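Undergrad: I'd like to ask some things about the structure below.
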Amino acid sequence: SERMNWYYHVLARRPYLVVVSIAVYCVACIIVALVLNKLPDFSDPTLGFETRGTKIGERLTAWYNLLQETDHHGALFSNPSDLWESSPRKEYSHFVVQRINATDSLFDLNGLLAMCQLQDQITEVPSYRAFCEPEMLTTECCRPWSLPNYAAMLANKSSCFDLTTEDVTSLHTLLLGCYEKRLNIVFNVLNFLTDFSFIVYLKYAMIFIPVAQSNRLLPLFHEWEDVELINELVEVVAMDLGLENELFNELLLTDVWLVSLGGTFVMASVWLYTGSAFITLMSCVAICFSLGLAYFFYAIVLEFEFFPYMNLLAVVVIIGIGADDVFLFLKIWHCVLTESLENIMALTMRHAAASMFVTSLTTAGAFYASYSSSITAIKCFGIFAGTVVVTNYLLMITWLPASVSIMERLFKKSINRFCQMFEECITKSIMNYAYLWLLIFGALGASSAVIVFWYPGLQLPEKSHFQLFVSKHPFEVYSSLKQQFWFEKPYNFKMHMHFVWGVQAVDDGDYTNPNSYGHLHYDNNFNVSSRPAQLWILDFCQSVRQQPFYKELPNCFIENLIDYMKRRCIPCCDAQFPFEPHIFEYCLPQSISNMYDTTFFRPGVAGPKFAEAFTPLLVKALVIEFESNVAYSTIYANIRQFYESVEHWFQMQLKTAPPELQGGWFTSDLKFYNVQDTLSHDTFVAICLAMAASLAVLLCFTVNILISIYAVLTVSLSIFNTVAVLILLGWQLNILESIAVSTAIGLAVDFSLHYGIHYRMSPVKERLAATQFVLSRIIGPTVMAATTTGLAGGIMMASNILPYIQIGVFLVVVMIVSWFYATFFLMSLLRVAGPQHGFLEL
Amino acid sequence: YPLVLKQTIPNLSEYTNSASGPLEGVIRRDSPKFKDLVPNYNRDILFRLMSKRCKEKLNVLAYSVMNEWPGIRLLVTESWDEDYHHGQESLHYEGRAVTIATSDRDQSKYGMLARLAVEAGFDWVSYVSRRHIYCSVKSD
Ligand SMILES: *[C@@H]1O[C@H](CO)[C@@H](O[C@@H]2O[C@H](CO)[C@@H](O)[C@H](O)[C@H]2NC(C)=O)[C@H](O)[C@H]1NC(C)=O
Ligand SMILES: *[C@@H]1O[C@H](CO)[C@@H](O)[C@H](O)[C@H]1NC(C)=O
């Protein structure tokens, strides 16, 4: 350590040099990535949610991009000749309503004039006048085709005078007498209005407004956020409007300011832990600086662009880690004082090294290896993190000992009383009660085991919508209501599968930004003419006609072809199927522009796609349609087996074709499914990654093995129970949680490790004795670290977001409970079962 | 299916990098960017100067329109601007934006016209008025 000793000494010596120079390097890279790189912003989150690099990535990618490559440009074109030479609808905004006393059908009057009130309250707004669009060229605020309006309208009165008492009656009469007089459509219009839940006892009301649906009405979103419109009987229960990703940004903006809060919390806790709030400044600004530093690593250095906001969470992540070495250190300081400066520093630092190093290392190891995912924002997240972590690491290591030295070169009682009593009562509660906690813990451990695995498996979601807010939100109120109604349906859009040959299938998109996909190629083992291949075409077409999921006019083009062929003359006349290639493509596009300009004109996709190689023609490639016995759903295994057997037979026929013709592939909307498989696979994968990582480390330092065993088991059951805690609050699966999981390892590890180390480091080799040493000399800083972490987490909670509050949950649970775990369970284990006298060391 | 007044496609900031994007500077006869601007002598259209991408979308729209309207044709109400009428910022200043209407100038028609606009392959649209519609295209 000689030069290392000189190095410790230089720390002992000449602070301000580094102090200032590193300040300099900081602000340098800071403002570099500040100014050169622009400030990434989020129009919306629904980004990088693909899985490129997948086989399906190849598929979807060539598919989509070819399609954006079809005919709007390029010689790829539809018809081979085209080469040669006031009733409403959803598009107006709308409210969902109800009556909340007597809880009856809204078919009655009381709620009707309750409405009249609500209406005159509603359109009363001038900001509304702003977007009112008073149509009719009259400056007349175009009228609401509303219900009391409907009523006074087929009345000859003004709305709210509709005199329900019998009006209502005769109307309901019309409605049952209604089913498809026919006054204009009001029947069918207000059919669109509400749901199947009347044939009576409509639960809800509903508003349209002759107004625009956009992001443009934000001010009025606010202006009705001000007013409840629920006066006595009612509730504006679900307002459906396109202003979402906007509030999204604005509320992130809210919450960051709200977050500096828990920051200052931990700051004060520390200062008072020393009464030196100089070091609190040191710490907080070191924090924000390592942040900007790793930024410049991100945007400027590897020069990256797409900064998915979710990475924000690193913040409320890192906040819990940076505070631990703190109390780890001060304690050694005070003690060694209780037992010139250069050597004292050098020792206490030889004694902190392993702790701080190993901790940060496992953490950022998890975050980094996040990068092996199949996903965009994931790699974003892990990479960003790993950097931020390793920063704070070096930050303390070097920036900080100067903090100490200088705080010196400068140069309540209740609390020491309290902490004395603390260690004391704890030590006793241990020494007296031996297996109580032990058996209790083992019980609950296997408990959460059966909890998670056997019965209530982590079953996935199928309604995706990727909800955002509190599951209770008017926007999210509307989340459930739709298909109850009419204007809701895709009868269902049956799975319409498609197959292709004549293009290649890859995605050379830049795997980071979601706006890089590349350029599509062309599969050219694919002769568009050769008979044996033609004849496999036609036996192929034959083959699907035989299926039940074969579900049944450009389809199987060959038919329109040979019609035009056998269609006699007055070259392309009176002809059969197997024939020339050149005469073939010579008569074909003629018959094709024919079927085109015919009144058939099927707006369609399957079939050919052309090029100028008349001017010379050809087809580049071409495709086939089929419908499915099945239609839309977000379920998993149905679609799974569907595709599986389908593609199976796809091969069963493919290999049969002349390899001329095995240049193709098969489509559907599995991407959803693509996720709901690949997600879990890749998740488990990375989990095992960080697992084996922390494994290697434990085996590295605390060489005797019983140690890491017991720790592993502690923390594994912590995993189990924290997960089944999420279960007790009952989640569907998304990536976010796979992520936080992965981190759990490098999170919990450190407590157990500090313990196993101090004891392995103690000069004693007995259970109780070396144990008590480690007690006195390890206990608290651990508590303070988990404490800051819980501060940050638990303070995100009474907030607006799934992400943030979700995350506070994750934090608090994992940290605190893994604590209790290794904080008494393993404590018992080696209260009684430590390796004494050179036992099981390496 | 027919567009509606104040609609924005996509429902974003027209400058959203994939919809139309942020402006990249005005074009005047001195700026070398005018070297690449193109006027539409397309006589099935009524004026001309605009962008090569505006050109693409214009000409893929032109005849789908006539398929939408016989007797009425692609009328360019405003193509390229150099006399400072479209505010301190406009793609008309670089011949990319287009204020648009039919050769017959009929209000409630445009909703469907704008529709086929996208059907031609345009990048951004809006029934931004009864007097006219607006369309725009990404940076080439
Ligand atoms: C598929 O193969 C055939 C023959 O192997 C190709 O065509 C013939 O070559 C040209 C085509 O224009 C013409 O002379 C005749 O139609 C054929 N040759 C004769 C009759 O001697 C055809 O072009 C190939 N197609 C592709 C896409 O590779
Ligand atoms: C006006 O009153 C007449 C007479 O009852 C009725 O037939 C008509 O439907 C009313 N107005 C409307 C718009 O229906």
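Don't overthink the numbers, they just go from 1 along the chain as shown.
Quick reminder: no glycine exception, Cβ is built from N, Cα and C everywhere.
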Undergrad: Out of A:673-693, A:778-798, let me know the one Swiss-Prot marks transmembrane segment.
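TA: Among A:673-693, A:778-798, the range Swiss-Prot annotates as transmembrane segment is A:778-798.
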Undergrad: Does A:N101 (N-linked glycosylation site) have same-chain partners at least 6 apart in sequence with Cβ under 8 Å from its own Cβ, and which are they?
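TA: Residues satisfying the criterion: A:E232, A:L233.
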Undergrad: Check each residue in the chain of A:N156 (N-linked glycosylation site) that is at least six apart in sequence and keep those whose C-beta is under 8 Å from its C-beta; list them in sequence order.
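TA: Sequence-distant Cβ neighbours: none.
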Undergrad: Is the transmembrane segment (A:807-827) close to the transmembrane segment (A:716-736), in the sense of at least 3 CB pairs under 8 angstroms with a sequence gap of 6 or more?
TA: yes
Undergrad: So the entry has no coordinates for 18 residues flanked by A:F411 and A:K412. How far apart are their C-alpha atoms in Å?
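TA: Taking the Cα of each end residue, the distance is 21 Å.
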Undergrad: Near ligand 2, which of the glycosylation sites A:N101, A:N156, A:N527 have CB less than 6 Å from any of its atoms?
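TA: The glycosylation sites passing the 6 Å Cβ test are A:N156.
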Undergrad: Applying a 10 Å Cβ distance cut-off over all chains shown, what neighbour count does A:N527 (N-linked glycosylation site) have?
TA: 16
Undergrad: For A:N527 (N-linked glycosylation site), just give me the three-state DSSP call.
TA: coil
Undergrad: Note the 156 unmodelled residues between A:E85 and A:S86, then tell me the distance between their CA atoms, whole Å.
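TA: What separates the two Cα atoms is a distance of 42 Å.
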Undergrad: What is the straight-line CA distance, in whole angstrom, from A:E552 to A:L553 across the 5 unmodelled residues?
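TA: In this entry the gap's Cα endpoints measure 12 Å apart.
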